[PDB]
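# Structural overview
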Amino acid sequence: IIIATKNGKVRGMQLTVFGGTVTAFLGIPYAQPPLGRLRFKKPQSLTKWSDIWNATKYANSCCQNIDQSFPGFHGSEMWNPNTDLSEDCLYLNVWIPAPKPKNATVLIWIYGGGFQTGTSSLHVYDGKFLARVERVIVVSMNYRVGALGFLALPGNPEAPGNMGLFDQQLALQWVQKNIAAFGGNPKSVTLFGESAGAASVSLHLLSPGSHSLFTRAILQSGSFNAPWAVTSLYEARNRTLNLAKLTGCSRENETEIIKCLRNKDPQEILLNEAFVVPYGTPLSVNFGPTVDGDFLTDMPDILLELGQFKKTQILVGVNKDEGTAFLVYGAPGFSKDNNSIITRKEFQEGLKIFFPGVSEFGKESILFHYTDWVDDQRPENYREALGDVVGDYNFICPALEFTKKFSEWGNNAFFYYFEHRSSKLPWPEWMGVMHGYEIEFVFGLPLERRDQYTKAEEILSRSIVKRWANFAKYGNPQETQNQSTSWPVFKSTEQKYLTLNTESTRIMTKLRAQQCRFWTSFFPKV
Ligand SMILES: *[C@@H]1O[C@H](CO[C@@H]2O[C@@H](C)[C@@H](O)[C@@H](O)[C@@H]2O)[C@@H](O[C@@H]2O[C@H](CO)[C@@H](O)[C@H](O)[C@H]2NC(C)=O)[C@H](O)[C@H]1NC(C)=O
Ligand SMILES: *[C@@H]1O[C@H](CO[C@@H]2O[C@@H](C)[C@@H](O)[C@@H](O)[C@@H]2O)[C@@H](O[C@@H]2O[C@H](CO)[C@@H](O)[C@H](O)[C@H]2NC(C)=O)[C@H](O)[C@H]1NC(C)=O
Ligand SMILES: *[C@@H]1O[C@H](CO[C@@H]2O[C@@H](C)[C@@H](O)[C@@H](O)[C@@H]2O)[C@@H](O[C@@H]2O[C@H](CO)[C@@H](O)[C@H](O)[C@H]2NC(C)=O)[C@H](O)[C@H]1NC(C)=O
Ligand SMILES: O[C@H](CNCC1CC1)[C@H](Cc1ccccc1)NC1c2ccccc2-c2ccccc21
Ligand SMILES: *[C@@H]1O[C@H](CO[C@@H]2O[C@@H](C)[C@@H](O)[C@@H](O)[C@@H]2O)[C@@H](O)[C@H](O)[C@H]1NC(C)=O
Ligand SMILES: CC(=O)N[C@H]1[C@H]([C@H](O)[C@H](O)CO)O[C@@](O)(C(=O)O)C[C@@H]1O
Ligand SMILES: *[C@@H]1O[C@H](CO)[C@@H](O)[C@H](O)[C@H]1NC(C)=O
Ligand SMILES: *[C@@H]1O[C@H](CO)[C@@H](O)[C@H](O)[C@H]1NC(C)=O
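Thresholds applied
- Residues numbered from 1 in each chain as written, not as in the entry; some residues may be left out.
- Chains lettered and ligands numbered in written order.
- Heavy atoms only, no water.
- Residues with missing side-chain atoms left out of burial classes, pairs and counts.
- UniProt positions renumbered as here; feature names shortened; annotations may be inferred.
- Salt bridge = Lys/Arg side-chain N within 4 Å of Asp/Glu carboxyl O.
- Helix = DSSP H or I, 4+ residues; strand = E, 2+ residues; numbered from the N terminus.
- Buried < 20%, exposed > 50% of the residue type's maximum accessible area, 1.4 Å probe, protein only.
- Pairing = 2+ DSSP bridges.
- Axes fitted to C-alpha atoms, helices over the stretch in contact; angles between N-to-C directions.
- Patch = residues over 30% accessible without salt bridge, like charges linked within 9 Å, V, L, I, M, F, W, Y side chains within 5 Å.
- Areas by Shrake-Rupley, 256 points an atom, 1.4 Å probe, with all protein chains shown as cover.
- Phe/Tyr/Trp six-rings, centres within 6.5 Å; stacked < 30°, edge-to-face > 60°.
- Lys NZ or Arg CZ within 6 Å of the ring centre and 35° of its normal.

The record lists X-ray crystallography as the method behind this PDB entry and 2.45 Å as its resolution.

You'll find the protein entered in the PDB entry as Cholinesterase, with Homo sapiens given as the organism. The protein has a UniProt comment under Subunit that states "Homotetramer; disulfide-linked. Dimer of dimers." Per UniProt, the comment on the protein under Subcellular location is "Secreted".

## Quick look at the pattern of salt bridges
Counted under the stated rule, the structure contains 22 salt bridges. The residue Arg144 makes a salt bridge to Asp167 at a minimum N-O spacing of 2.8 Å. Highlighted residues: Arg144 in the loop between strand 8 (137–141) and helix 3 (147–150) and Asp167 in helix 4 (residues 163–178), separated in sequence by 23 residues. Taken as a pair, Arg144 and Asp167 share a single burial class, namely buried. Where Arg378 meets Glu380, a salt bridge forms, and the shortest distance between an N and an O atom there is 3.1 Å. Salt bridges sharing common partners tie together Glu134, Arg462, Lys466 and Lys473.

## Here we look at the sheet that holds strand 5 (residues 52–54)
Strand order in the open sheet made by the 3 strands is 1-2-5, with mixed pairing throughout. Edge positions in the sheet fall to strand 1 (2–5) and strand 5, since each of these pairs with one other strand and no more. The mean inter-strand angle of the sheet, taken between neighbouring strand axes irrespective of direction, is 35 degrees.

## Let's talk about a nonpolar patch on the surface
On the surface, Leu246, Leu271 and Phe275 cluster together into a nonpolar patch covering about 290 Å² of accessible area. Tracing the backbone through its elements, the reader meets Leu271 in helix 8 (residues 266–273).

## Here's the deal with the packing of aromatic side chains
On inspection of all chains with the given rule, the structure shows 46 aromatic pairs. Taking 5.7 Å as the distance between ring centres and 25 degrees as the angle between the ring planes, the aromatic pair formed by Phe192 and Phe443 counts as stacked. You can see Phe192 sitting in strand 9 (residues 184–194) and its partner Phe443 sitting in helix 14 (residues 439–443), a full 251 residues away along the chain. Seen from their ring centres, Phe441 and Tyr453 are 6.1 Å apart, and the 70 degrees between their planes marks the pair as edge-to-face. In this pair, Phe441 is assigned in helix 14 and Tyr453 in the loop between helix 14 and helix 15 (455–474), connecting sequence segments 12 residues apart. Among the residues examined, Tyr453 registers a relative accessible area of 11% and is labelled buried. Three or more aromatic residues link up through ring pairs in this structure, and these residues are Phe355, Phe361, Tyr370, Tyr393, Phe518, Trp519, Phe522 and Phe523. In this structure, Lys42 is placed above the aromatic ring of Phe166, and the distance from its NZ or CZ to the ring centre is 3.8 Å.

See below:
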């Protein structure tokens, strides 16, 4: 099956999914390759081609550093890129149902990875199940990460910043111009992403250039007001200058530096990205979004607080154990290969790792709020406390605060709390319901009866997929049929949220209330 797009014909391939068929278009280009003089610049528009572009395999992933902490371990390596790294990486994928739909709701995925890593070709991002089961069209794109996607000299178009966000945006534009030819409805587009993907989604709700490119938004374990999500104009300059010094590209003509950095191999630039931060943490975002004055006209907390954003429905949520994944990438006494019972002194040293530039008093205050023990004798007390600290500060409390702020301007919001630990999850049991391990269920992998998921997980994925699709299609994430628990809207007074798990789906109120008052009211003062 061949589809004419605005720049030429693309050839797809046919997949067999659950005694049915999905048509996949893998690796459609959506921009000029950002090579040569185009490196660091905004994405540029594609010239027409006259042949039939063969979009039958995933394209190159964007250049990025690889996580090497656990060679050969599936828990880490399932996130590493699975196509060639290349600067020539601006491509996207389309999964359309067979038979070709008439006017199908579109779902556009934006992956995470700290704005430094990630790729759409990952196994847990396979959109074929969603196309098959719910008859939506699924789209995902590669966008530039790390310095190549977010190096910033504010105002200088040679490296203005937010390039990777503009990559995402050009891809949203491609869906507006072309998805009708695939049987998709450009007027029913829902963005969803996880982690830095989710924070990207939240920034598309703030960027005026994106408002007409989508209908609704879903934010999984991430939002722009998370402390790791935005780099300051200060740090972006200090980081850019450090990179120039590390590469021997220190000049004075601000442009003669970009020229110099444009003659370096991608590998030299990736080498030096690690040391532009003076003190890194497991959550360091060396090169991320900035207030460029183009994609983002003001500091996003101000836009949020004053209601300057797209008015539409949002779906937001977090996992029970967001913080534990990061503990084994640096904290003392932690190991994925033992139960990581840490002492008080280990805990204290762990705060220095995750809060390097924070005062003695700031760290004491974290210790104080999180070491009032419901039982003071439990040996896991400090191990659990450190994960909760990292998770509440870095994910859970910023997401709650985004949802409160956003819903105060009249729009329906739905909040979930994911607390099912995958039965195939390769990390140890003390790490719990980890960051990123709801994605399997959102994409419907447990629906594959061949895998090792239980029947309970098939049913739970089955409802999540239904709820997500009903949110994309109708702005209302109900499962109206198998007598499901009704998901209430998140109001700033009541703060009702839905818990997702295999046993019992319940309505609760005011998640992590005590913890988030500390992080969102007090801690910003220090
Ligand atoms: C494709 O469907 C659209 C209508 O879909 C709606 O879009 C949003 C308003 C969303 O919020 C939901 O209500 C729906 O999913 C049809 O759009 C029409 O397009 C013509 C121009 O082409 C325009 O003049 C009409 O006003 C549009 N109708 C509406 C209700 O906005 C479109 O006709 C459908 N195309 C098909 C079925 O081929
Ligand atoms: C802003 O940048 C300076 C310079 O960073 C140093 O050089 C880079 C190439 C890279 O290797 C960094 O890791 C270096 O630290 C920072 O100042 C340095 O601070 C460290 C300790 O904090 C000190 O040992 C160095 O001698 C300092 N060098 C210089 C030139 O000042 C500075 O900390 C950065 N951040 C801030 C907030 O100023
Ligand atoms: C859990 O393991 C950590 C990490 O040690 C590594 O993993 C072990 C499973 C084993 O293979 C070690 O040889 C590895 O180096 C332990 O932390 C170490 O503890 C010792 C003494 O307490 C200390 O000298 C080391 O510096 C620590 N290593 C670190 C912090 O990286 C930890 O004690 C183990 N805990 C339990 C409960 O088993
Ligand atoms: O391998 C990172 C975990 N971090 C540690 C840094 C040293 C590599 C993560 C991939 C992963 C691992 C285990 C379980 C689930 C996902 N993906 C990113 C990331 C990559 C590089 C730099 C910063 C970040 C960052 C920052 C905040 C949130 C998420 C992430
Ligand atoms: C594009 O693909 C055309 C048809 O390819 C068919 O499917 C692919 C996946 C292969 O398995 C091939 O053997 C099949 O015939 C080719 O005829 C054409 O040459 C290709 N063009 C380019 C530029 O690759
Ligand atoms: C070093 C190593 O691979 N150790 C063990 C792994 C991992 O520690 C965990 O899966 C989390 O990493 O898990 C087992 O205990 C398990 O119960 O399957 C078997 C294996 O010996
Ligand atoms: C030097 O900087 C100026 C702006 O200050 C710029 O116009 C000029 O092009 C730069 N030099 C070169 C060789 O590009
Ligand atoms: C509802 O239950 C039936 C089994 O009785 C199942 O086949 C179907 O997939 C379920 N639907 C949803 C949306 O969970």
